[PDB]
file run.csv (CSV, C-alpha atoms and all ligand atoms)
chain,number,residue,atom,x,y,z
A,258,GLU,CA,0.0,0.0,0.0
A,259,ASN,CA,2.9,2.3,0.8
A,260,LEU,CA,6.7,1.9,1.2
A,261,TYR,CA,6.6,3.7,4.6
A,262,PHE,CA,4.3,1.0,6.0
A,263,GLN,CA,7.5,-1.3,6.0
A,264,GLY,CA,11.2,-0.8,7.0
A,265,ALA,CA,12.7,2.1,5.0
A,266,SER,CA,16.4,2.4,3.9
A,267,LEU,CA,18.5,5.6,4.5
A,268,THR,CA,17.8,6.8,0.9
A,269,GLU,CA,14.1,6.3,1.4
A,270,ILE,CA,14.3,8.2,4.8
A,271,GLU,CA,16.1,11.1,3.0
A,272,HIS,CA,13.3,11.2,0.4
A,273,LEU,CA,10.7,11.2,3.3
A,274,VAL,CA,12.4,14.3,4.7
A,275,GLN,CA,12.1,16.1,1.4
A,276,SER,CA,8.5,15.0,0.9
A,277,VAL,CA,7.3,16.1,4.3
A,278,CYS,CA,9.0,19.5,3.9
A,279,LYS,CA,7.4,20.0,0.5
A,280,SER,CA,3.9,19.0,1.8
A,281,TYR,CA,4.3,21.5,4.6
A,282,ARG,CA,5.6,24.4,2.3
A,283,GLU,CA,2.5,23.9,0.1
A,284,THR,CA,0.0,23.9,3.1
A,285,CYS,CA,1.6,26.3,5.6
A,286,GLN,CA,-1.4,28.9,5.4
A,287,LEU,CA,0.9,31.9,6.1
A,288,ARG,CA,4.5,32.4,4.9
A,289,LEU,CA,7.0,32.8,7.8
A,290,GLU,CA,8.5,35.9,6.0
A,291,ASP,CA,5.0,37.6,6.1
A,292,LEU,CA,4.6,36.8,9.8
A,293,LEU,CA,8.0,38.1,10.7
A,294,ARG,CA,7.6,41.3,8.6
A,295,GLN,CA,4.2,42.0,10.4
A,296,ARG,CA,5.8,42.0,13.9
A,297,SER,CA,5.9,45.8,14.0
A,298,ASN,CA,2.1,46.0,13.2
A,299,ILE,CA,0.7,45.9,16.8
A,300,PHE,CA,-2.9,46.5,17.9
A,301,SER,CA,-3.2,50.0,19.6
A,302,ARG,CA,-4.7,50.4,23.1
A,303,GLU,CA,-8.0,51.5,21.5
A,304,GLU,CA,-8.1,48.4,19.2
A,305,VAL,CA,-7.4,46.1,22.3
A,306,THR,CA,-10.3,47.9,24.2
A,307,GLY,CA,-12.6,47.3,21.2
A,308,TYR,CA,-11.8,43.5,21.3
A,309,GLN,CA,-12.3,43.5,25.1
A,310,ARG,CA,-15.8,45.2,24.7
A,311,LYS,CA,-17.0,42.4,22.3
A,312,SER,CA,-19.5,40.0,23.7
A,313,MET,CA,-18.3,36.6,24.8
A,314,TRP,CA,-20.2,34.9,22.1
A,315,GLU,CA,-19.1,37.2,19.2
A,316,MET,CA,-15.4,36.6,20.3
A,317,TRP,CA,-15.9,32.8,20.6
A,318,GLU,CA,-17.4,32.7,17.1
A,319,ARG,CA,-14.5,34.8,15.6
A,320,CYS,CA,-11.9,32.5,17.2
A,321,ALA,CA,-13.8,29.3,16.2
A,322,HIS,CA,-13.8,30.6,12.6
A,323,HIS,CA,-10.1,31.4,12.6
A,324,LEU,CA,-9.2,28.0,14.2
A,325,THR,CA,-11.4,26.2,11.5
A,326,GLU,CA,-9.5,28.0,8.7
A,327,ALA,CA,-6.2,26.9,10.2
A,328,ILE,CA,-7.5,23.3,10.6
A,329,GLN,CA,-8.4,23.2,6.9
A,330,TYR,CA,-4.7,23.7,6.0
A,331,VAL,CA,-3.8,20.8,8.4
A,332,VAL,CA,-6.3,18.5,6.6
A,333,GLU,CA,-4.6,19.4,3.3
A,334,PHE,CA,-1.1,18.8,4.9
A,335,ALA,CA,-2.4,15.3,6.1
A,336,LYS,CA,-3.7,14.5,2.5
A,337,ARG,CA,-0.3,15.3,1.0
A,338,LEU,CA,1.6,13.4,3.7
A,339,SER,CA,3.3,10.1,2.5
A,340,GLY,CA,1.2,7.2,3.6
A,341,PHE,CA,-1.8,9.1,5.1
A,342,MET,CA,-4.2,8.5,2.1
A,343,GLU,CA,-3.2,4.8,2.2
A,344,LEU,CA,-4.7,4.5,5.7
A,345,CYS,CA,-8.4,3.5,5.9
A,346,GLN,CA,-11.0,6.4,6.3
A,347,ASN,CA,-11.8,5.4,9.9
A,348,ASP,CA,-8.1,5.9,10.8
A,349,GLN,CA,-7.7,9.1,8.8
A,350,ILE,CA,-10.6,10.6,10.7
A,351,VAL,CA,-9.3,9.3,14.1
A,352,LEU,CA,-5.9,10.9,13.4
A,353,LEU,CA,-7.3,14.2,12.3
A,354,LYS,CA,-9.9,14.4,15.1
A,355,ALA,CA,-7.2,13.9,17.7
A,356,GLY,CA,-4.3,15.7,16.0
A,357,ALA,CA,-5.6,18.7,13.9
A,358,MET,CA,-5.8,21.1,16.9
A,359,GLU,CA,-2.4,19.8,18.2
A,360,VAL,CA,-0.8,20.7,14.8
A,361,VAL,CA,-2.4,24.1,14.8
A,362,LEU,CA,-1.0,24.8,18.3
A,363,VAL,CA,2.5,23.9,17.1
A,364,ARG,CA,2.2,25.9,13.8
A,365,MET,CA,1.0,28.9,16.0
A,366,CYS,CA,4.5,29.4,17.5
A,367,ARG,CA,5.5,30.9,14.0
A,368,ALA,CA,2.8,33.6,14.6
A,369,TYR,CA,3.9,34.3,18.1
A,370,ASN,CA,6.5,37.0,18.9
A,371,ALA,CA,8.4,36.0,22.1
A,372,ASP,CA,10.0,39.5,22.2
A,373,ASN,CA,6.8,41.2,23.3
A,374,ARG,CA,4.5,38.2,24.0
A,375,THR,CA,2.1,38.9,21.1
A,376,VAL,CA,0.3,36.7,18.6
A,377,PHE,CA,-0.8,37.5,15.0
A,378,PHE,CA,-4.6,37.7,15.0
A,379,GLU,CA,-7.0,39.4,12.5
A,380,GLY,CA,-4.2,41.3,10.7
A,381,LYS,CA,-2.0,42.6,13.6
A,382,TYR,CA,-0.1,41.4,16.7
A,383,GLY,CA,-1.8,41.5,20.1
A,384,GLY,CA,-1.1,40.3,23.6
A,385,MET,CA,-3.2,37.8,25.6
A,386,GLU,CA,-5.4,40.7,26.9
A,387,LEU,CA,-6.9,40.9,23.4
A,388,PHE,CA,-8.8,37.6,24.3
A,389,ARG,CA,-10.3,38.8,27.7
A,390,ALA,CA,-13.9,38.7,26.4
A,391,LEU,CA,-13.7,34.8,26.0
A,392,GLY,CA,-13.7,34.2,29.7
A,393,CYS,CA,-11.2,31.3,29.5
A,394,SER,CA,-8.0,33.1,30.8
A,395,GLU,CA,-6.3,29.9,32.0
A,396,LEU,CA,-6.6,28.2,28.6
A,397,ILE,CA,-5.4,31.4,26.8
A,398,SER,CA,-2.5,31.9,29.2
A,399,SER,CA,-1.6,28.2,28.7
A,400,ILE,CA,-1.6,28.5,24.9
A,401,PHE,CA,0.6,31.7,25.1
A,402,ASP,CA,3.0,29.8,27.5
A,403,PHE,CA,3.2,26.9,25.1
A,404,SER,CA,3.9,29.2,22.1
A,405,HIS,CA,6.5,31.0,24.2
A,406,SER,CA,8.2,27.6,25.0
A,407,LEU,CA,8.2,26.5,21.4
A,408,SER,CA,9.5,29.9,20.3
A,409,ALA,CA,12.6,29.5,22.6
A,410,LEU,CA,13.6,26.4,20.5
A,411,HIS,CA,14.0,28.6,17.4
A,412,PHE,CA,12.3,26.0,15.1
A,413,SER,CA,13.1,26.2,11.4
A,414,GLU,CA,10.2,25.6,8.8
A,415,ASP,CA,11.6,22.1,8.1
A,416,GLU,CA,11.7,21.2,11.8
A,417,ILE,CA,8.0,22.3,12.1
A,418,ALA,CA,7.1,20.2,9.0
A,419,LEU,CA,8.7,17.1,10.5
A,420,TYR,CA,7.5,17.6,14.1
A,421,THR,CA,3.9,18.3,13.0
A,422,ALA,CA,3.9,15.2,10.7
A,423,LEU,CA,4.8,13.2,13.9
A,424,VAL,CA,2.2,15.0,16.0
A,425,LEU,CA,-0.4,13.8,13.4
A,426,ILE,CA,0.9,10.2,12.8
A,427,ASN,CA,0.5,8.9,16.3
A,428,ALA,CA,-0.2,5.2,16.6
A,429,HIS,CA,-1.4,5.6,20.2
A,430,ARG,CA,-4.6,7.4,19.2
A,431,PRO,CA,-7.7,5.6,20.6
A,432,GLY,CA,-9.8,4.0,17.9
A,433,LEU,CA,-7.2,3.1,15.2
A,434,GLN,CA,-8.1,-0.1,13.4
A,435,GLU,CA,-4.8,-0.5,11.5
A,436,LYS,CA,-2.6,0.3,14.4
A,437,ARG,CA,0.5,-1.6,13.1
A,438,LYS,CA,0.4,0.3,9.7
A,439,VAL,CA,0.3,3.6,11.7
A,440,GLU,CA,3.2,2.4,14.0
A,441,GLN,CA,5.4,1.8,11.0
A,442,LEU,CA,4.6,5.1,9.4
A,443,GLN,CA,5.3,6.8,12.7
A,444,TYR,CA,8.6,5.0,13.1
A,445,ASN,CA,9.7,6.1,9.6
A,446,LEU,CA,8.6,9.7,10.2
A,447,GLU,CA,10.5,9.6,13.6
A,448,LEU,CA,13.6,8.5,11.7
A,449,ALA,CA,13.1,11.3,9.1
A,450,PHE,CA,12.8,14.0,11.8
A,451,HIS,CA,15.8,12.6,13.8
A,452,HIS,CA,17.8,12.2,10.6
A,453,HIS,CA,17.2,15.9,9.7
A,454,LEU,CA,18.2,17.0,13.2
A,455,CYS,CA,21.3,14.9,13.1
A,456,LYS,CA,22.3,16.4,9.6
A,457,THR,CA,21.6,20.0,10.8
A,458,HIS,CA,23.4,19.5,14.2
A,459,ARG,CA,20.1,20.2,16.0
A,460,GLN,CA,19.7,16.9,18.1
A,461,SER,CA,20.0,19.1,21.3
A,462,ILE,CA,16.3,20.1,20.8
A,463,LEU,CA,15.1,16.5,21.4
A,464,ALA,CA,15.4,16.9,25.2
A,465,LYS,CA,13.7,20.4,25.0
A,466,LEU,CA,10.5,19.3,23.1
A,467,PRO,CA,7.2,19.5,25.0
A,468,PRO,CA,6.2,16.3,26.9
A,469,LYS,CA,3.5,14.4,24.9
A,470,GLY,CA,0.7,15.0,27.5
A,471,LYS,CA,1.2,18.8,27.2
A,472,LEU,CA,-0.6,19.0,23.8
A,473,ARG,CA,-3.3,16.6,25.1
A,474,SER,CA,-3.8,18.8,28.2
A,475,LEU,CA,-4.3,21.9,25.9
A,476,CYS,CA,-6.8,20.1,23.7
A,477,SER,CA,-8.7,18.7,26.6
A,478,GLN,CA,-8.9,22.2,28.2
A,479,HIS,CA,-10.2,23.6,24.9
A,480,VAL,CA,-13.0,20.9,24.6
A,481,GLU,CA,-14.0,21.6,28.4
A,482,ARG,CA,-14.1,25.4,27.9
A,483,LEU,CA,-16.2,24.9,24.7
A,484,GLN,CA,-18.7,22.8,26.8
A,485,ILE,CA,-19.0,25.6,29.4
A,486,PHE,CA,-19.6,28.1,26.5
A,487,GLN,CA,-22.1,25.8,24.9
A,488,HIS,CA,-24.2,25.7,28.1
A,489,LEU,CA,-24.2,29.5,28.2
A,490,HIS,CA,-24.9,30.1,24.5
A,491,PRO,CA,-26.3,26.8,22.9
A,492,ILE,CA,-27.9,28.5,19.9
A,493,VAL,CA,-24.7,30.4,19.1
A,494,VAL,CA,-22.9,27.1,18.8
A,495,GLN,CA,-25.8,25.5,16.8
A,496,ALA,CA,-26.4,28.5,14.5
A,497,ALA,CA,-23.1,30.3,14.1
A,498,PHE,CA,-20.2,27.9,14.8
A,499,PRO,CA,-18.4,26.3,11.7
A,500,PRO,CA,-19.7,22.8,11.0
A,501,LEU,CA,-16.1,21.4,10.9
A,502,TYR,CA,-15.4,22.9,14.3
A,503,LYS,CA,-18.5,21.2,15.7
A,504,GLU,CA,-17.6,17.9,14.0
A,505,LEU,CA,-14.1,18.0,15.8
A,506,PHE,CA,-14.9,19.5,19.2
A,507,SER,CA,-18.6,18.9,20.0
A,508,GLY,CA,-19.3,15.6,18.3
A,509,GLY,CA,-21.1,17.2,15.3
B,686,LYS,CA,-22.1,11.6,11.1
B,687,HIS,CA,-18.7,13.2,10.2
B,688,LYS,CA,-20.2,15.2,7.4
B,689,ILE,CA,-17.3,17.7,6.7
B,690,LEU,CA,-14.2,15.6,7.2
B,691,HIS,CA,-15.4,12.8,4.9
B,692,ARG,CA,-16.0,15.4,2.2
B,693,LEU,CA,-12.6,17.2,2.6
B,694,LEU,CA,-10.9,13.8,2.5
B,695,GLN,CA,-12.8,12.7,-0.7
B,696,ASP,CA,-12.3,16.1,-2.5
B,697,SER,CA,-9.4,15.9,-5.1
C,1,LIG,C1,-1.5,28.5,12.3
C,1,LIG,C2,-0.9,28.6,10.9
C,1,LIG,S1,-0.1,30.1,10.6
C,1,LIG,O1,0.1,30.3,9.2
C,1,LIG,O2,1.0,30.1,11.6
C,1,LIG,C3,-1.2,31.3,11.1
C,1,LIG,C4,-2.3,31.6,10.3
C,1,LIG,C5,-3.2,32.6,10.7
C,1,LIG,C6,-3.0,33.2,12.0
C,1,LIG,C7,-4.0,34.2,12.4
C,1,LIG,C8,-4.9,33.6,13.5
C,1,LIG,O3,-5.9,32.8,13.1
C,1,LIG,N1,-4.5,33.8,14.7
C,1,LIG,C9,-5.0,33.3,15.9
C,1,LIG,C10,-4.5,33.2,17.1
C,1,LIG,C11,-5.2,32.6,18.1
C,1,LIG,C12,-4.9,32.4,19.5
C,1,LIG,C13,-3.5,32.3,19.7
C,1,LIG,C14,-3.0,32.2,21.0
C,1,LIG,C15,-1.6,32.1,21.1
C,1,LIG,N2,-0.4,32.0,21.2
C,1,LIG,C16,-3.9,32.1,22.1
C,1,LIG,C17,-5.2,32.1,21.9
C,1,LIG,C18,-5.7,32.3,20.6
C,1,LIG,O4,-7.1,32.4,20.3
C,1,LIG,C19,-7.9,32.3,21.5
C,1,LIG,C20,-6.4,32.1,17.6
C,1,LIG,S2,-6.6,32.5,16.0
C,1,LIG,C21,-2.0,32.9,12.8
C,1,LIG,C22,-1.1,31.9,12.3
C,2,NA,NA,7.9,32.4,17.0

call {"tool": "encode", "arguments": {"input": "run.csv", "output": "structure tokens", "more": "lines below"}}
Ligand SMILES: CCS(=O)(=O)c1ccc(CC(=O)Nc2cc(-c3cc(C#N)ccc3OC)cs2)cc1
Ligand code: NA
result
Amino acid sequence: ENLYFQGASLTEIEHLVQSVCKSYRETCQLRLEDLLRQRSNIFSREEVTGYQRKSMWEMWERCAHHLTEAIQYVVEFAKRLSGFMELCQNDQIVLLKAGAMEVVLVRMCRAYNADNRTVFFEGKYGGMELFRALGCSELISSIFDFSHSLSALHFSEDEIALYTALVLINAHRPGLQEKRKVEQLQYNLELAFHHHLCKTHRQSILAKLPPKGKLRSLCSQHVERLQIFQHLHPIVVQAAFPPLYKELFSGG
Amino acid sequence: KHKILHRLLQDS
């Protein structure tokens, strides 16, 4: 079905590095150069106040829409990823349901400026205070902290490509039917990532990477906060939240 | 139901 569902040679691992990096470059939503250039474009005190005065539900809807747009690029990344389309549909959905948000959270560190603790949102950079109307301060602060920690690693685009491919191809996801096929694909993607680190003298980041339960904790907190919001504004979720967002985070 | 993911995965 795919070469990467079996043991791969060094030459095949080298090809996998290139393939993953190409798939990422074609699906990365925003260019790193564009994000870096925009660092000087910061929301004014008046703009921040405007976001803070928005209703909780208007702010949740805006953020759900932005997250859904980012997730759509992750779905395209998955489709272009060696071996992914050779998995069964059940397993493709299991992997995307569990991993799409995790991939977005990792990608987000490119849009986060560690110098002033701001994130690119709706055309400009703003601090965590921009999200005060959401009423999930702990989750927002946890996401900013995570982006800060990833930013300290100074990831290259290729490192993000390989790391996010691994976040997605996780054979430990509950519900996988063809677990052994996923395990082999994961092993080869682990080799590709570690090969690239070895070749670029970046193996020192391995001990500095987030622990696996960190991404899981952020995703669990997001689903919990959505459930609290849904109790407060159920018709907002039913009428105005993106269908893909509901399919992933509120069982449809 | 998985209405959107199935469609995105099937669209080439
Ligand atoms: C991901 C692919 S990318 O190309 O890097 C890219 C494409 C588009 C954008 C703009 C955008 O959507 N910004 C958003 C930021 C947040 C958000 C971020 C933090 C953080 N730290 C905390 C809470 C948050 O919301 C409560 C939600 S939405 C950014 C990056
Ligand atoms: Na960054």

call {"tool": "residues_near_ligand", "arguments": {"input": "run.csv", "ligand": "ligand LIG 1 (chain C)", "cutoff": "7 Å", "atoms": "all atoms listed in the file", "output": "JSON, numbers by chain"}}
result
{"A": [285, 286, 287, 288, 320, 323, 324, 327, 361, 364, 365, 366, 367, 368, 369, 376, 377, 378, 379, 385, 388, 397, 400, 401, 404]}

call {"tool": "interface_residues", "arguments": {"input": "run.csv", "of": "chain A", "to": "chain B", "cutoff": "9 Å", "atoms": "all atoms listed in the file", "output": "count of residues only"}}
result
15

call {"tool": "residues_around", "arguments": {"input": "run.csv", "residues": "segment 467-471 of chain A", "least_positions_apart": "3", "cutoff": "8 Å", "atoms": "all atoms listed in the file", "output": "list in words"}}
result
residues 407, 474 and 475 of chain A

call {"tool": "atom_distance", "arguments": {"input": "run.csv", "atom1": "atom CA of residue 460 of chain A", "atom2": "atom CA of residue 296 of chain A"}}
result
29.0 Å

call {"tool": "closest_residue", "arguments": {"input": "run.csv", "among": "A:359, A:414, A:269, A:348", "to": "ligand NA 2 (chain C)", "atoms": "all atoms listed in the file"}}
result
A:414

call {"tool": "closest_residue", "arguments": {"input": "run.csv", "among": "A:479, A:503, A:405, A:437", "to": "ligand NA 2 (chain C)", "atoms": "all atoms listed in the file"}}
result
A:405

call {"tool": "residues_around", "arguments": {"input": "run.csv", "residues": "residue 275 of chain A", "least_positions_apart": "6", "cutoff": "12 Å", "atoms": "all atoms listed in the file", "output": "count of residues only"}}
result
15

call {"tool": "atom_distance", "arguments": {"input": "run.csv", "atom1": "atom CA of residue 498 of chain A", "atom2": "atom CA of residue 402 of chain A"}}
result
26.5 Å

call {"tool": "atom_distance", "arguments": {"input": "run.csv", "atom1": "atom CA of residue 502 of chain A", "atom2": "atom CA of residue 390 of chain A"}}
result
20.0 Å
